[PDB]
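Some notes on the structure that comes next.
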Amino acid sequence: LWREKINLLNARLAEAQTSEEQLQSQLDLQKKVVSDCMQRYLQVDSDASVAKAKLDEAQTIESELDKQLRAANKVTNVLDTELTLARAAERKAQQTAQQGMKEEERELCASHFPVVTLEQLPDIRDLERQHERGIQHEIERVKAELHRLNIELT
Amino acid sequence: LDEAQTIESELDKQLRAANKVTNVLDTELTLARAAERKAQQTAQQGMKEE
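Heads up: the protein sequence lines correspond to chains A and B, in order.
Here the first sequence is numbered in the working numbering, starting from 1 and rising by one per residue.
Here the second sequence is numbered in the working numbering, starting from 1001 and rising by one per residue.
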């Protein structure tokens, strides 16, 4: 389930990175237009006045793109934290799951155990404890019955 | 002009990096305020001091 979560989070983080990179590239190209104005000034509504006007336009437009890039970073950091948490959970579960089992053991475990889903993944720790307690409460009763049968046999 | 533009780019990158802390703190404060409002509402259900 955490690997499925990581699969979804990788796509979401890729989208967030794409948005942030696109916004940053547009902002940097708006900045680079300033240097392109200097380049044209060197290569030659006169040209110097055009360079001044375009520099002013770029500086005016820079602010909204900066704010949008801030929002993109806001999204990207949230998704990065999500991916980090999912990876940490998957790494915790990995070494315990890697122990391996036989076919018969896997069939036995499938019976009487639950099937968790990605949506309910956060509550898995509670389900594990619930099943542990369920086994324990039955085992103690069966132990009492076994003691009773031992007494009856004697 | 060249030096000022270079320093302007440096400061802009610094501000871009700094925005992360403000974003994280804003998210945490919003969640904390929501949780505190929930706890206060559950706390105000009516109780004697004893």
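Where is the CB? At the ideal position from N, CA and C, for every residue including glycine.
Residue i vs residue j beta-carbon contact at 9 Å
| i | j | result |
| --- | --- | --- |
| A/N73 | B/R1016 | yes |
| A/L9 | A/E107 | no |
| A/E90 | A/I6 | yes |
| A/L29 | A/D80 | no |
| A/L118 | A/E4 | yes |
Short CB-CB distance (under 9 Å) between residue i and chain A
| i | result |
| --- | --- |
| B/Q1005 | yes |
Spatial neighbours of residue i in its chain, beta-carbon cut-off 8 Å, leaving aside the 5 residues before and after
| i | result |
| --- | --- |
| A/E20 | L69, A72, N73, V75, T76 |
| A/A93 | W2 |
| A/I124 | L1, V116 |
| residue 205 of chain A | The structure shown does not extend to residue 205 of chain A, since chain A spans only 1 to 154, so no value can be given for it. |
Proximity test, Cβ basis, 9 Å: residue i and chain B
| i | result |
| --- | --- |
| A/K31 | yes |
| residue 155 of chain A | Past the boundaries of the shown model lies residue 155 of chain A; chain A is included only from 1 to 154, so the question cannot be answered. |
| A/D66 | yes |
Cutoff 9 Å: residue i Cβ touching any chain D Cβ
| i | result |
| --- | --- |
| A/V34 | Chain labels in this structure do not include chain D; the protein chains are A and B. |
Cβ-based neighbour list, residue i, same chain, cut-off 6 Å, excluding 5 preceding and 5 following
| i | result |
| --- | --- |
| A/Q24 | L69 |
| A/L121 | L1 |
Neighbourhood of residue i by C-beta, 7 Å cutoff - its chain only, sequence neighbours within 5 removed
| i | result |
| --- | --- |
| A/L65 | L23, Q26, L27, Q30 |
| A/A48 | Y41 |
For this session: Quick one: which residues of the stretch 1016-1037 of chain B get their C-beta closer than 8 Å to a C-beta of chain A? List them in chain order.
Result: Listed in sequence order: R1016, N1019, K1020, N1023, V1024, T1027.
For this session: Say whether the stretch 24-36 of chain A touches the stretch 48-58 of chain A, bearing in mind that this needs 3 or more beta-carbon pairs closer than 8 Å, one atom from each stretch.
Result: Yes, the stretch 24-36 of chain A touches the stretch 48-58 of chain A.
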